[PDB]
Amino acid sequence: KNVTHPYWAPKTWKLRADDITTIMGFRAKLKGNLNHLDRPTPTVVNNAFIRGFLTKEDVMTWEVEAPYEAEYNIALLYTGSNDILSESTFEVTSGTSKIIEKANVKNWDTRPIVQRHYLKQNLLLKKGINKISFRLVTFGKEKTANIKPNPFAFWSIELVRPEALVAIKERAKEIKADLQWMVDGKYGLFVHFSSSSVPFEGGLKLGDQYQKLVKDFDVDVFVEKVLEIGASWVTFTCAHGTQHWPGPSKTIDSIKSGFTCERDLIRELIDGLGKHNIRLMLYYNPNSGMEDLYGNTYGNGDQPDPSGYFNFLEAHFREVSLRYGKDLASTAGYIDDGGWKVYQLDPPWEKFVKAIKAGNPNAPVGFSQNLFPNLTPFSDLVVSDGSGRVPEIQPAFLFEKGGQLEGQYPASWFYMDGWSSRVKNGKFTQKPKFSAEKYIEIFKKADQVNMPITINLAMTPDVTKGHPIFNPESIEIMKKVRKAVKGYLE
């Protein structure tokens, strides 16, 4: 009863013998109870999990193509009730090769919710077409809003020759970013220049008058507020809701006109913030409005092909990174939905990372991993949407060898009042979530454990002298935060 548009349907997967190959569960043939949410169009569907592993007949089968006979290390990504996991046994088969292994219980209280399980024994694969099957052979049950169930939910399988993994990890280690400047700066400002946002003075949402509002953006007004709250960096939102880009881009323009600006606002933000040694990183969203820029990520025509889209992302990262060089701290401080959306295309993470660092070899890579474990060994920062909640403190063993987050460094991304400003009738509708004293404790804790915080204060897309661009109550709180954390202490 499961539905997949041809671009999402099961197909034979080419193994990349020198790389980590990832294959979503819905690329397997499913039998028995196994099911997933419908995927009826070329557009990615976040909720990709396979559910219904209830009996020994509930089995999924991929078809993969190896270039030569070799042993492959298998990782599984899954989630579910610890009650269910504590009694689930996995079985991975191909040819005569068979792996049997108990599931791992999630013994941390934080994200990641999905865990990556490296199976101890390797799977031998013959040259050419191999069928690989996954099923459970022992089963648990949930025990005592406790309404929604938490079944075993399979996300993906990952295949990598053990020798390729050592070499991959070696290279990741050699280009790992040095984040001391973020720890020393303690916190920065997330600013959403959001295409859905309506200006303080009313009128068209930023998305429908993007170039005009970029041309009228008052950098000096913006920098003085950033400076006043003591931010050490700014993460600035490119392509939030549409693919509009606040500066020149040969890469974007060669796909489709109308998204770029004559004014190089990124450069002016660099220079304006640079006068006070405040650094700039870029948020970028590779999916929102992408159907109006590139089109379907898997292209047109009868069979899915992501190389055009991959080449766009790589050429875009590369052009931005080289355009600004070391003046731009990162063209990829926050790449939205790396977990929910980007991961589902089995993308070439390393090529993206090399593009990101081409102009700035220490540029931190921050793919948003959502509730998922580390997306690629070439990550630098833990990144996900903290909403307006108190920042979680992930326990240290997550970062040790074998850990879910190994190679990453802890970091928090959350908002004081909201993400996108919702100003209506000259009044901010989004108030700070907590008292000033609670934010002070939050930043003091982040500082004591050397975890950078990037806090969003909803900003009016029309940045001018005529009106507060941030909520004055929010500014007042951050001024008290600055005093308690960055001010003269005694």
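In this text, residue numbers run from 1 along the sequence as written.
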For the higher mean C-alpha B factor in the entry, choose 115-123 or 233-241.
115-123
Could you settle it for me: does 172-180 or 337-345 have the higher average Cα B factor in the PDB entry?
172-180
Which of these has the highest Cα B-factor in the record: 431, 444, 51, 29?
431
Considering only 370, 144, 297, 321, which residue's Cα atom bears the greatest B-factor as recorded?
144
On the chain's distribution of Cα B-factors, residue 280 falls within the third called lowest
Residue 310, C-alpha B-factor rank within chain (lowest, middle or highest third):
middle
Would you please rank residue 291 by its C-alpha temperature factor against the other modelled residues of its chain and give the third it falls in: lowest, middle or highest?
highest
Could you tell me which third, lowest, middle or highest, the C-alpha B-factor of residue 22 occupies within its chain?
lowest
Cα B factor band for residue 98 (lowest, middle or highest third within the chain):
highest
